[PDB]
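A.B. asks: Sharing work-v6.txt (compact mmCIF, C-alpha atoms and all ligand atoms) below.
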```
# COMPACT_ATOMS: atom_id res chain seq x y z
CA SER O 7 -33.85 10.57 3.26
CA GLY O 8 -32.80 13.96 1.76
CA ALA O 9 -33.17 16.21 -1.31
CA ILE O 10 -31.48 18.94 -3.50
CA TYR O 11 -33.38 22.25 -3.71
CA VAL O 12 -32.23 24.35 -6.68
CA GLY O 13 -34.46 27.12 -8.02
CA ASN O 14 -38.03 25.89 -8.54
CA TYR O 15 -36.85 22.21 -8.38
CA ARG O 16 -36.60 19.44 -5.80
CA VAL O 17 -34.29 16.47 -6.68
CA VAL O 18 -34.85 13.23 -4.72
CA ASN O 19 -34.17 9.41 -5.02
CA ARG O 20 -36.96 8.04 -7.27
CA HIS O 21 -37.66 5.14 -4.82
CA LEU O 22 -38.29 7.65 -2.00
CA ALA O 23 -40.48 10.21 -3.92
CA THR O 24 -43.83 11.33 -2.32
CA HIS O 25 -47.41 11.67 -3.78
CA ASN O 26 -46.71 15.46 -4.00
CA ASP O 27 -43.48 14.79 -5.99
CA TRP O 28 -45.42 12.61 -8.48
CA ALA O 29 -48.36 15.14 -8.74
CA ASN O 30 -45.79 17.94 -9.54
CA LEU O 31 -43.49 15.69 -11.72
CA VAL O 32 -40.94 17.44 -14.04
CA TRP O 33 -38.71 14.40 -15.02
CA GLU O 34 -37.93 10.93 -13.64
CA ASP O 35 -35.50 8.14 -14.68
CA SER O 36 -35.83 4.67 -13.07
CA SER O 37 -32.39 3.66 -14.49
CA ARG O 38 -30.75 6.55 -12.51
CA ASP O 39 -33.02 6.27 -9.42
CA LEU O 40 -33.77 10.09 -9.84
CA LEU O 41 -37.02 12.10 -9.80
CA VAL O 42 -37.33 15.92 -10.04
CA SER O 43 -40.47 17.80 -8.97
CA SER O 44 -41.54 21.47 -9.02
CA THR O 45 -41.66 23.73 -5.96
CA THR O 46 -43.12 27.23 -5.41
CA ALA O 47 -40.29 28.45 -3.15
CA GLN O 48 -36.77 29.22 -4.40
CA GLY O 49 -34.06 26.61 -3.84
CA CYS O 50 -31.10 26.86 -1.43
CA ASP O 51 -28.40 24.81 -3.40
CA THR O 52 -25.72 25.32 -6.16
CA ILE O 53 -24.96 22.44 -8.62
CA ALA O 54 -21.32 21.68 -9.54
CA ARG O 55 -20.38 21.59 -13.27
CA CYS O 56 -17.02 19.69 -13.17
CA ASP O 57 -15.21 16.28 -13.39
CA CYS O 58 -14.08 16.18 -9.67
CA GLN O 59 -13.40 12.75 -8.19
CA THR O 60 -12.98 14.00 -4.55
CA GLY O 61 -15.63 15.44 -2.25
CA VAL O 62 -17.46 15.18 1.11
CA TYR O 63 -20.79 13.30 1.70
CA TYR O 64 -23.32 13.31 4.62
CA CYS O 65 -23.92 9.92 6.30
CA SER O 66 -27.16 9.93 8.44
CA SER O 67 -26.45 6.49 10.00
CA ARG O 68 -23.35 8.02 11.68
CA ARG O 69 -24.50 11.73 11.97
CA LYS O 70 -21.18 12.60 10.27
CA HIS O 71 -19.68 14.03 7.01
CA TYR O 72 -16.89 11.91 5.42
CA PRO O 73 -14.27 12.90 2.78
CA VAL O 74 -14.19 10.45 -0.28
CA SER O 75 -12.53 9.65 -3.61
CA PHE O 76 -15.21 8.48 -6.07
CA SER O 77 -15.31 6.93 -9.56
CA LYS O 78 -16.55 8.58 -12.80
CA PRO O 79 -20.35 8.25 -13.57
CA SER O 80 -20.92 4.80 -15.08
CA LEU O 81 -23.31 1.77 -15.57
CA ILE O 82 -23.20 -0.50 -12.44
CA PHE O 83 -25.31 -3.63 -11.56
CA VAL O 84 -27.66 -3.38 -8.48
CA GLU O 85 -29.86 -6.00 -6.65
CA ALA O 86 -33.65 -6.24 -6.19
CA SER O 87 -35.77 -4.39 -3.61
CA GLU O 88 -39.38 -3.45 -2.84
CA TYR O 89 -38.62 -0.84 -5.58
CA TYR O 90 -36.45 -2.32 -8.41
CA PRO O 91 -35.45 -5.66 -10.04
CA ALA O 92 -31.83 -6.71 -10.71
CA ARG O 93 -30.41 -4.15 -13.18
CA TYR O 94 -27.69 -1.71 -14.29
CA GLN O 95 -28.03 1.77 -12.78
CA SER O 96 -26.54 4.49 -15.00
CA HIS O 97 -24.70 7.68 -13.96
CA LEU O 98 -23.60 6.02 -10.67
CA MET O 99 -20.28 6.81 -8.89
CA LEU O 100 -18.78 4.45 -6.24
CA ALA O 101 -16.60 5.29 -3.19
CA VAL O 102 -15.08 3.43 -0.22
CA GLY O 103 -17.13 4.58 2.77
CA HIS O 104 -19.92 3.67 5.16
CA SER O 105 -23.59 3.53 4.09
CA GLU O 106 -26.63 1.52 5.20
CA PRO O 107 -30.26 1.37 3.95
CA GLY O 108 -31.49 4.74 5.37
CA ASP O 109 -28.55 6.85 4.07
CA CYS O 110 -30.14 7.39 0.60
CA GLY O 111 -30.62 11.18 -0.02
CA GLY O 112 -27.41 12.34 1.69
CA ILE O 113 -25.67 15.02 -0.38
CA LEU O 114 -22.19 14.68 -1.98
CA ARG O 115 -20.35 18.03 -2.54
CA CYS O 116 -16.97 19.14 -3.97
CA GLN O 117 -15.47 22.76 -3.93
CA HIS O 118 -17.79 23.58 -6.94
CA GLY O 119 -21.12 22.62 -5.34
CA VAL O 120 -23.58 19.70 -5.20
CA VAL O 121 -22.35 16.63 -7.12
CA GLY O 122 -25.09 14.08 -6.34
CA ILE O 123 -26.99 12.09 -3.71
CA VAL O 124 -26.42 8.68 -1.95
CA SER O 125 -28.38 6.01 -3.90
CA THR O 126 -26.67 2.56 -3.36
CA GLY O 127 -24.11 0.92 -1.00
CA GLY O 128 -22.87 -2.25 0.64
CA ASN O 129 -19.70 -3.89 2.11
CA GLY O 130 -17.61 -0.76 2.79
CA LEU O 131 -18.91 0.95 -0.40
CA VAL O 132 -21.31 3.84 -1.12
CA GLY O 133 -22.90 4.77 -4.48
CA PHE O 134 -23.95 8.32 -5.57
CA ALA O 135 -26.40 9.22 -8.33
CA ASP O 136 -24.64 12.03 -10.34
CA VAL O 137 -26.60 15.27 -11.15
CA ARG O 138 -23.78 17.34 -12.79
CA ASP O 139 -24.94 16.54 -16.37
CA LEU O 140 -28.53 17.92 -15.68
CA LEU O 141 -27.71 21.36 -17.07
CA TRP O 142 -31.45 22.27 -17.20
CA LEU O 143 -31.59 22.38 -13.37
CA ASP O 144 -29.85 25.83 -13.66
CA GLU O 145 -32.09 27.36 -16.30
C1 LIG M 1 -27.23 3.54 0.76
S1 LIG M 1 -28.27 2.23 0.12
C2 LIG M 1 -27.56 0.77 0.83
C3 LIG M 1 -26.41 0.83 1.61
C4 LIG M 1 -25.90 -0.33 2.19
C5 LIG M 1 -26.54 -1.53 2.00
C6 LIG M 1 -27.68 -1.60 1.21
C7 LIG M 1 -28.21 -0.45 0.61
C8 LIG M 1 -29.47 -0.58 -0.21
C9 LIG M 1 -29.26 -0.31 -1.69
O1 LIG M 1 -28.14 -0.20 -2.16
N1 LIG M 1 -30.37 -0.26 -2.46
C10 LIG M 1 -31.73 -0.43 -1.94
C11 LIG M 1 -32.62 0.76 -2.29
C12 LIG M 1 -34.04 0.53 -1.80
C13 LIG M 1 -32.58 1.00 -3.80
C14 LIG M 1 -31.14 1.17 -4.31
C15 LIG M 1 -31.10 1.48 -5.80
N2 LIG M 1 -30.67 2.68 -6.13
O2 LIG M 1 -31.47 0.64 -6.63
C16 LIG M 1 -30.30 -0.05 -3.91
ZN ZN M 2 -16.09 19.93 -8.56
```
Let's see the structure in the file written out as structure tokens.
Ligand SMILES: CSc1ccccc1CC(=O)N1C[C@H](C)C[C@H](C(N)=O)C1
Ligand SMILES: [Zn+2]
C.D. replies:
Amino acid sequence: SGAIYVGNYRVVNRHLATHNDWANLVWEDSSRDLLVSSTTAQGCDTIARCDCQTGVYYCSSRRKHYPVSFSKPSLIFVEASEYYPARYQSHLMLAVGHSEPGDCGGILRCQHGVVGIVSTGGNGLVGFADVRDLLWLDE
């Protein structure tokens, strides 16, 4: 679990969104596993606007932050679930690191701010849904 709170927005994994998130829906993309909802309170986080490929993510299954090198946002195949069929997920960045079902929502950050959130993983890998192209989150 976990979310990004920036201004009057809450960014979460689409497969983990609540009834309140869907009732206050701003934008959602099943191909990116992202959903953004409106909030009344002001948000605590800064979004990075960069092409960094190094950062630090939070891993709940270990209660630890880990430093990682990660790939550029791209189309990557992902397997079925109670939420999605076999498909390509766009804007996804992979890194060598630990992740298990439960780690989705953990934040990835570089020196410039919030880069994205944990969204996939498996066999010594971890995938992050990028948010750096969502320029509207700032305005
Ligand atoms: C950190 S997630 C993870 C990690 C290790 C092993 C397995 C997983 C689970 C995982 O990759 N997915 C299941 C999730 C319900 C939806 C995800 C998606 N974005 O389509 C894919
Ligand atoms: Zn950066």
A.B. asks: Write out as a compact mmCIF listing (two decimals) with C-alpha atoms, in the coordinates of the input each polymer residue (protein, DNA or RNA) that has an atom no more than 6 Å from ligand LIG 1 (chain M), with only C-alpha atoms and all ligand atoms counted.
C.D. replies:
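Saved file selection_14.txt follows:
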```
# COMPACT_ATOMS: atom_id res chain seq x y z
CA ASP O 39 -33.02 6.27 -9.42
CA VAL O 84 -27.66 -3.38 -8.48
CA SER O 87 -35.77 -4.39 -3.61
CA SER O 105 -23.59 3.53 4.09
CA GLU O 106 -26.63 1.52 5.20
CA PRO O 107 -30.26 1.37 3.95
CA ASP O 109 -28.55 6.85 4.07
CA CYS O 110 -30.14 7.39 0.60
CA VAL O 124 -26.42 8.68 -1.95
CA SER O 125 -28.38 6.01 -3.90
CA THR O 126 -26.67 2.56 -3.36
CA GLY O 127 -24.11 0.92 -1.00
CA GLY O 128 -22.87 -2.25 0.64
```
A.B. asks: Counting all atoms listed in the file, figure out which residue out of O:122, O:61, O:79, O:49 gets nearest to ligand ZN 2 (chain M).
C.D. replies: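 Comparing O:122, O:61, O:79, O:49 against ligand ZN 2 (chain M), the winner is O:61.
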A.B. asks: Could you list, as a count of residues only, all residues that come within 10 Å of ligand ZN 2 (chain M)? Count all atoms listed in the file.
C.D. replies: 17
A.B. asks: Have a look at O:25, O:70, O:104, O:20 and name the one nearest to residue 41 of chain O; count all atoms listed in the file.
C.D. replies: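 The closest residue to residue 41 of chain O is O:20.
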A.B. asks: Between O:111, O:145, O:64, O:99, which one has atoms that come closest to residue 23 of chain O, using only C-alpha atoms?
C.D. replies: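 Using only C-alpha atoms, the shortest distance to residue 23 of chain O belongs to O:111.
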A.B. asks: Quick one: of O:28, O:66, O:45, O:80, who's nearest to residue 10 of chain O, counting only C-alpha atoms?
C.D. replies: O:45
A.B. asks: Using all atoms listed in the file, which of O:135, O:140, O:103, O:9 sits nearest residue 68 of chain O?
C.D. replies: O:103
A.B. asks: Just want the 8 Å neighbourhood of residue 82 of chain O, counted on only C-alpha atoms, with same-chain residues fewer than 4 positions away dropped. Output as a list in words.
C.D. replies: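 Those residues are residues 94, 95, 96 and 98 of chain O.
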A.B. asks: Just C-alpha atoms for this one: save the residues we selected as an mmCIF file, in the frame of the given file.
C.D. replies:
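Here's the written file part-v7.cif:
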```cif
data_model
loop_
_atom_site.group_PDB
_atom_site.id
_atom_site.type_symbol
_atom_site.label_atom_id
_atom_site.label_comp_id
_atom_site.auth_asym_id
_atom_site.auth_seq_id
_atom_site.Cartn_x
_atom_site.Cartn_y
_atom_site.Cartn_z
ATOM 1 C CA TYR O 94 -27.690 -1.710 -14.290
ATOM 2 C CA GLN O 95 -28.030 1.770 -12.780
ATOM 3 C CA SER O 96 -26.540 4.490 -15.000
ATOM 4 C CA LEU O 98 -23.600 6.020 -10.670
#
```
A.B. asks: Using only C-alpha atoms, which of the listed residues (O:62, O:71, O:108, O:131) sits closest to residue 8 of chain O?
C.D. replies: O:108
A.B. asks: May I ask for the distance between atom CA of residue 32 of chain O and atom CA of residue 92 of chain O, given in Å to one decimal place?
C.D. replies: 26.0 Å
A.B. asks: Mind checking which residues fall within 10 Å of residue 143 of chain O, counting all atoms listed in the file, ignoring those fewer than 3 positions away in the same chain, and posting them as JSON, numbers by chain?
C.D. replies: {"O": [11, 12, 13, 14, 15, 16, 17, 42, 52, 53, 137, 138, 139, 140]}
A.B. asks: Just want the 7 Å neighbourhood of residue 31 of chain O, counted on all atoms listed in the file, with same-chain residues fewer than 2 positions away dropped. Output as JSON, numbers by chain.
C.D. replies: {"O": [27, 28, 29, 33, 42, 43, 44]}
A.B. asks: Go ahead and compute the interatomic distance for atom CA of residue 129 of chain O and atom CA of residue 24 of chain O, in Å to one decimal.
C.D. replies: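 Atom-to-atom, atom CA of residue 129 of chain O and atom CA of residue 24 of chain O are spaced 28.9 Å apart.
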A.B. asks: Could you tell me how far atom CA of residue 51 of chain O sits from atom CA of residue 69 of chain O, in Å to one decimal place?
C.D. replies: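 Separating atom CA of residue 69 of chain O from atom CA of residue 51 of chain O is a distance of 20.6 Å.
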A.B. asks: Kindly write C-alpha atoms of chain O from the structure just given to a file, as a PDB file, in the first residue's frame.
C.D. replies:
```pdb
ATOM      1  CA  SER O   7       0.000   0.000   0.000  1.00  0.00           C
ATOM      2  CA  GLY O   8       0.981   3.709  -0.324  1.00  0.00           C
ATOM      3  CA  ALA O   9       0.201   6.944  -2.209  1.00  0.00           C
ATOM      4  CA  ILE O  10       1.634  10.307  -3.535  1.00  0.00           C
ATOM      5  CA  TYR O  11      -0.042  13.439  -2.130  1.00  0.00           C
ATOM      6  CA  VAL O  12       0.667  16.506  -4.284  1.00  0.00           C
ATOM      7  CA  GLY O  13      -1.577  19.561  -4.039  1.00  0.00           C
ATOM      8  CA  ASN O  14      -5.258  18.580  -4.260  1.00  0.00           C
ATOM      9  CA  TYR O  15      -4.319  15.123  -5.706  1.00  0.00           C
ATOM     10  CA  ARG O  16      -3.778  11.590  -4.430  1.00  0.00           C
ATOM     11  CA  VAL O  17      -1.884   9.178  -6.779  1.00  0.00           C
ATOM     12  CA  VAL O  18      -2.280   5.438  -6.081  1.00  0.00           C
ATOM     13  CA  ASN O  19      -1.929   2.012  -7.884  1.00  0.00           C
ATOM     14  CA  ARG O  20      -5.172   1.562  -9.884  1.00  0.00           C
ATOM     15  CA  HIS O  21      -5.600  -2.052  -8.587  1.00  0.00           C
ATOM     16  CA  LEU O  22      -5.524  -0.777  -4.974  1.00  0.00           C
ATOM     17  CA  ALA O  23      -7.852   2.295  -5.349  1.00  0.00           C
ATOM     18  CA  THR O  24     -10.766   2.708  -2.817  1.00  0.00           C
ATOM     19  CA  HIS O  25     -14.528   3.549  -3.317  1.00  0.00           C
ATOM     20  CA  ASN O  26     -13.619   7.147  -2.258  1.00  0.00           C
ATOM     21  CA  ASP O  27     -10.873   7.293  -4.950  1.00  0.00           C
ATOM     22  CA  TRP O  28     -13.383   6.187  -7.629  1.00  0.00           C
ATOM     23  CA  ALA O  29     -16.140   8.617  -6.354  1.00  0.00           C
ATOM     24  CA  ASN O  30     -13.585  11.525  -6.563  1.00  0.00           C
ATOM     25  CA  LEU O  31     -11.890  10.279  -9.824  1.00  0.00           C
ATOM     26  CA  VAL O  32      -9.701  12.784 -11.794  1.00  0.00           C
ATOM     27  CA  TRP O  33      -7.899  10.350 -14.241  1.00  0.00           C
ATOM     28  CA  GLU O  34      -7.110   6.612 -14.417  1.00  0.00           C
ATOM     29  CA  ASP O  35      -5.107   4.436 -16.869  1.00  0.00           C
ATOM     30  CA  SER O  36      -5.371   0.618 -16.616  1.00  0.00           C
ATOM     31  CA  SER O  37      -2.331   0.235 -18.962  1.00  0.00           C
ATOM     32  CA  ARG O  38      -0.156   2.191 -16.424  1.00  0.00           C
ATOM     33  CA  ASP O  39      -1.831   0.748 -13.267  1.00  0.00           C
ATOM     34  CA  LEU O  40      -2.385   4.447 -12.095  1.00  0.00           C
ATOM     35  CA  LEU O  41      -5.430   6.278 -10.680  1.00  0.00           C
ATOM     36  CA  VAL O  42      -5.517   9.902  -9.433  1.00  0.00           C
ATOM     37  CA  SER O  43      -8.270  11.224  -7.144  1.00  0.00           C
ATOM     38  CA  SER O  44      -9.090  14.642  -5.632  1.00  0.00           C
ATOM     39  CA  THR O  45      -8.479  15.593  -1.995  1.00  0.00           C
ATOM     40  CA  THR O  46      -9.580  18.621   0.083  1.00  0.00           C
ATOM     41  CA  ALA O  47      -6.302  18.928   2.021  1.00  0.00           C
ATOM     42  CA  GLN O  48      -3.030  20.140   0.475  1.00  0.00           C
ATOM     43  CA  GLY O  49      -0.439  17.528  -0.507  1.00  0.00           C
ATOM     44  CA  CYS O  50       2.922  16.883   1.186  1.00  0.00           C
ATOM     45  CA  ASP O  51       5.061  15.737  -1.891  1.00  0.00           C
ATOM     46  CA  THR O  52       7.216  17.263  -4.744  1.00  0.00           C
ATOM     47  CA  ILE O  53       7.310  15.512  -8.192  1.00  0.00           C
ATOM     48  CA  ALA O  54      10.648  15.177 -10.024  1.00  0.00           C
ATOM     49  CA  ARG O  55      10.881  16.491 -13.626  1.00  0.00           C
ATOM     50  CA  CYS O  56      14.059  14.719 -14.903  1.00  0.00           C
ATOM     51  CA  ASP O  57      15.568  11.650 -16.716  1.00  0.00           C
ATOM     52  CA  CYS O  58      17.359  10.175 -13.593  1.00  0.00           C
ATOM     53  CA  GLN O  59      18.065   6.448 -13.644  1.00  0.00           C
ATOM     54  CA  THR O  60      19.236   6.246  -9.954  1.00  0.00           C
ATOM     55  CA  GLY O  61      17.166   6.707  -6.812  1.00  0.00           C
ATOM     56  CA  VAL O  62      15.982   5.193  -3.501  1.00  0.00           C
ATOM     57  CA  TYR O  63      12.695   3.206  -2.998  1.00  0.00           C
ATOM     58  CA  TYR O  64      10.762   2.103   0.162  1.00  0.00           C
ATOM     59  CA  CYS O  65      10.256  -1.670   0.558  1.00  0.00           C
ATOM     60  CA  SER O  66       7.478  -2.485   3.152  1.00  0.00           C
ATOM     61  CA  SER O  67       8.234  -6.256   3.163  1.00  0.00           C
ATOM     62  CA  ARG O  68      11.694  -5.445   4.639  1.00  0.00           C
ATOM     63  CA  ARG O  69      10.866  -2.119   6.493  1.00  0.00           C
ATOM     64  CA  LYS O  70      13.864  -0.645   4.612  1.00  0.00           C
ATOM     65  CA  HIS O  71      14.827   1.909   1.878  1.00  0.00           C
ATOM     66  CA  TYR O  72      17.120   0.558  -0.895  1.00  0.00           C
ATOM     67  CA  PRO O  73      19.260   2.474  -3.446  1.00  0.00           C
ATOM     68  CA  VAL O  74      18.609   1.347  -7.143  1.00  0.00           C
ATOM     69  CA  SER O  75      19.563   1.870 -10.790  1.00  0.00           C
ATOM     70  CA  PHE O  76      16.402   1.679 -12.934  1.00  0.00           C
ATOM     71  CA  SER O  77      15.547   1.541 -16.647  1.00  0.00           C
ATOM     72  CA  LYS O  78      13.842   4.284 -18.740  1.00  0.00           C
ATOM     73  CA  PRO O  79       9.952   4.231 -18.810  1.00  0.00           C
ATOM     74  CA  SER O  80       8.877   1.589 -21.339  1.00  0.00           C
ATOM     75  CA  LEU O  81       6.244  -1.054 -22.426  1.00  0.00           C
ATOM     76  CA  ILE O  82       6.782  -4.324 -20.440  1.00  0.00           C
ATOM     77  CA  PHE O  83       4.668  -7.568 -20.378  1.00  0.00           C
ATOM     78  CA  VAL O  84       2.956  -8.507 -17.021  1.00  0.00           C
ATOM     79  CA  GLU O  85       0.962 -11.639 -15.883  1.00  0.00           C
ATOM     80  CA  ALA O  86      -2.690 -12.066 -14.805  1.00  0.00           C
ATOM     81  CA  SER O  87      -4.157 -11.330 -11.363  1.00  0.00           C
ATOM     82  CA  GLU O  88      -7.489 -10.765  -9.605  1.00  0.00           C
ATOM     83  CA  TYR O  89      -7.084  -7.316 -11.287  1.00  0.00           C
ATOM     84  CA  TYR O  90      -5.579  -7.618 -14.828  1.00  0.00           C
ATOM     85  CA  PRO O  91      -5.132 -10.101 -17.737  1.00  0.00           C
ATOM     86  CA  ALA O  92      -1.779 -10.792 -19.446  1.00  0.00           C
ATOM     87  CA  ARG O  93      -0.675  -7.483 -21.031  1.00  0.00           C
ATOM     88  CA  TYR O  94       1.953  -4.792 -21.682  1.00  0.00           C
ATOM     89  CA  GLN O  95       2.138  -2.127 -18.964  1.00  0.00           C
ATOM     90  CA  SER O  96       3.366   1.234 -20.273  1.00  0.00           C
ATOM     91  CA  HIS O  97       5.581   3.821 -18.518  1.00  0.00           C
ATOM     92  CA  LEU O  98       7.152   1.054 -16.360  1.00  0.00           C
ATOM     93  CA  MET O  99      10.797   1.150 -15.108  1.00  0.00           C
ATOM     94  CA  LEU O 100      12.601  -2.018 -13.858  1.00  0.00           C
ATOM     95  CA  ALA O 101      15.362  -2.367 -11.208  1.00  0.00           C
ATOM     96  CA  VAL O 102      17.278  -5.190  -9.499  1.00  0.00           C
ATOM     97  CA  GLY O 103      15.899  -5.252  -5.949  1.00  0.00           C
ATOM     98  CA  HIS O 104      13.543  -7.015  -3.563  1.00  0.00           C
ATOM     99  CA  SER O 105       9.739  -6.771  -3.857  1.00  0.00           C
ATOM    100  CA  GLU O 106       6.830  -9.076  -2.990  1.00  0.00           C
ATOM    101  CA  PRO O 107       3.033  -8.766  -3.466  1.00  0.00           C
ATOM    102  CA  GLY O 108       2.319  -6.177  -0.695  1.00  0.00           C
ATOM    103  CA  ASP O 109       5.101  -3.720  -1.684  1.00  0.00           C
ATOM    104  CA  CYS O 110       2.929  -1.929  -4.316  1.00  0.00           C
ATOM    105  CA  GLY O 111       2.598   1.809  -3.390  1.00  0.00           C
ATOM    106  CA  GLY O 112       6.139   2.268  -2.052  1.00  0.00           C
ATOM    107  CA  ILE O 113       7.648   5.541  -3.286  1.00  0.00           C
ATOM    108  CA  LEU O 114      10.739   5.852  -5.549  1.00  0.00           C
ATOM    109  CA  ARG O 115      12.659   9.177  -5.194  1.00  0.00           C
ATOM    110  CA  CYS O 116      15.788  10.771  -6.749  1.00  0.00           C
ATOM    111  CA  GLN O 117      17.503  14.121  -5.678  1.00  0.00           C
ATOM    112  CA  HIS O 118      14.730  15.993  -7.653  1.00  0.00           C
ATOM    113  CA  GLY O 119      11.696  14.479  -5.899  1.00  0.00           C
ATOM    114  CA  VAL O 120       9.112  11.704  -6.360  1.00  0.00           C
ATOM    115  CA  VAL O 121       9.758   9.583  -9.475  1.00  0.00           C
ATOM    116  CA  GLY O 122       7.038   6.904  -9.164  1.00  0.00           C
ATOM    117  CA  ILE O 123       5.538   4.067  -7.133  1.00  0.00           C
ATOM    118  CA  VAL O 124       6.195   0.244  -6.902  1.00  0.00           C
ATOM    119  CA  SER O 125       3.726  -1.513  -9.263  1.00  0.00           C
ATOM    120  CA  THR O 126       5.275  -4.905 -10.377  1.00  0.00           C
ATOM    121  CA  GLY O 127       8.113  -7.289  -9.348  1.00  0.00           C
ATOM    122  CA  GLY O 128       9.415 -10.838  -9.266  1.00  0.00           C
ATOM    123  CA  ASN O 129      12.687 -12.879  -9.158  1.00  0.00           C
ATOM    124  CA  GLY O 130      15.074 -10.220  -7.802  1.00  0.00           C
ATOM    125  CA  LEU O 131      13.325  -7.450  -9.813  1.00  0.00           C
ATOM    126  CA  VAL O 132      11.026  -4.519  -8.929  1.00  0.00           C
ATOM    127  CA  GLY O 133       8.913  -2.407 -11.329  1.00  0.00           C
ATOM    128  CA  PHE O 134       7.917   1.284 -10.802  1.00  0.00           C
ATOM    129  CA  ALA O 135       5.064   3.136 -12.502  1.00  0.00           C
ATOM    130  CA  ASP O 136       6.606   6.500 -13.638  1.00  0.00           C
ATOM    131  CA  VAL O 137       4.750   9.794 -12.793  1.00  0.00           C
ATOM    132  CA  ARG O 138       7.351  12.353 -14.085  1.00  0.00           C
ATOM    133  CA  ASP O 139       5.485  12.937 -17.404  1.00  0.00           C
ATOM    134  CA  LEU O 140       2.193  13.928 -15.559  1.00  0.00           C
ATOM    135  CA  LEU O 141       2.970  17.646 -15.722  1.00  0.00           C
ATOM    136  CA  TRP O 142      -0.662  18.510 -14.762  1.00  0.00           C
ATOM    137  CA  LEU O 143      -0.079  17.183 -11.213  1.00  0.00           C
ATOM    138  CA  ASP O 144       1.805  20.499 -10.550  1.00  0.00           C
ATOM    139  CA  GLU O 145      -0.778  22.897 -11.949  1.00  0.00           C
TER     140      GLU O 145
END
```
